[PDB]
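Shown next as structure tokens: one chain only, the form solved without the partner chain.
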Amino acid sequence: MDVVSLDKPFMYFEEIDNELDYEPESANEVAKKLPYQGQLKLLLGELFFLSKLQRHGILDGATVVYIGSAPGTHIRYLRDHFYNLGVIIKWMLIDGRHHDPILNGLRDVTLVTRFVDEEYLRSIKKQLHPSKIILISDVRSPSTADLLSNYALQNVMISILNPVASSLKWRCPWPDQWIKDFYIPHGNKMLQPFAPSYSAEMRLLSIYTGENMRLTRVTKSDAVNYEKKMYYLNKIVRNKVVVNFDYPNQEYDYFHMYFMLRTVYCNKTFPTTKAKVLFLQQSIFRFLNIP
């Protein structure tokens, strides 16, 4: 058994203290172990991000614009969580595909079946006005050409929607498939527990202060680094059993998840953080129908 004692997990890409030469063979390895892992990955991360906003005093009263939301089965639990805490939020979910019916009939969530373009973003910006916006984008077209095009759109989202915070889907293209150096918004590289076994994807979380917009170039040397750190994490780290982690599940991912969950806010008071986390995990697993 691959055991170990860890103090804390790698919460952000910058914390990963080791790299590995990427082994193409890993592509053939089982990508997921849990049912609805996708909605799990999505929800913990989106819960983490939003709790922050709440912590910063910027969530309440905001309109959450989620682009690339369908099915968005998990979004429903998210919506209830803040709604039950008493935070006022309006959700505007947009996708060309259809949303999980559990999203319907809630007055505070508006579904839209529209593939957004730069033009559309301008009208939704005029119609949202003057509400403060929090943007969440998880749009997907894949080729580096596809990727760049997506990253380009996310950038036009922020420039037109002019949000107070954002969470963007972030996966660097692969160095052996580089096309050109491009810019992404400055934000924290949030590591996603329960992401596919060899996923190099994370979530870019940014808070927009002032009227400024800080970007950052991404070059192939960067793409090489992203590849090596993400492969070491996936291969080595994530397959770690945190034997000093006293929990129903000591596997890394749950250890990593405990850490994002211990930051989430609840109504019920617990004697310990073990209790709140066991509680929110159980709650979310039950919601997702995950054993």
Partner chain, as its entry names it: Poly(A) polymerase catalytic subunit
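Positions refer to the first chain, counted from 1.
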query: Residues of the deposited sequence left unbuilt between residue 163 and residue 162; finding: none
query: Higher-scoring stretch by recorded Cα B factor average, 264-272 or 278-286; finding: 264-272
query: Of 244-252 and 41-49, the one with larger mean CA B-factor; finding: 244-252
query: Per the PDB entry, maximal CA B factor within 69, 54, 63, 234; finding: 54
query: Residue selected from 174, 83, 198, 194 by maximal Cα B factor; finding: 174
query: Chain third (lowest, middle, highest) by recorded CA B-factor, residue given as residue 224; finding: middle
query: Third of the chain's Cα B-factor distribution that residue 149 belongs to, per the entry; finding: lowest
query: Chain third (lowest, middle, highest) by recorded CA B-factor, residue given as residue 14; finding: highest
query: CA B-factor placement of residue 105, once the chain's modelled residues are sorted into thirds; finding: lowest
query: Chain-relative CA temperature factor third for residue 137; finding: lowest
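The same protein also has a form deposited with the partner chain bound, omitted here; what follows describes it.
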query	finding
Contact residue in the deposited bound form, from 75, 205, 172, 202 (heavy atom within 4.5 Å of the partner chain)	205
Site check 55, 60 and 267: each within 4.5 Å of the partner chain in the deposited bound form by heavy atom	yes
Exercise: residue 85 in contact with the partner chain in the deposited bound form, heavy atom 4.5 Å	yes
Residue 177: touches the partner chain in the deposited bound form, heavy atom cutoff 4.5 angstroms	no
Residue 17 within 4.5 Å of the partner chain in the deposited bound form, heavy atoms	no
Contact of residue 48 with the partner chain in the deposited bound form (heavy atom, 4.5 Å)	yes
Any residue of 110-138 that, in the deposited bound form, places a heavy atom within 4.5 Å of the partner chain	127, 128, 129, 130, 131, 132
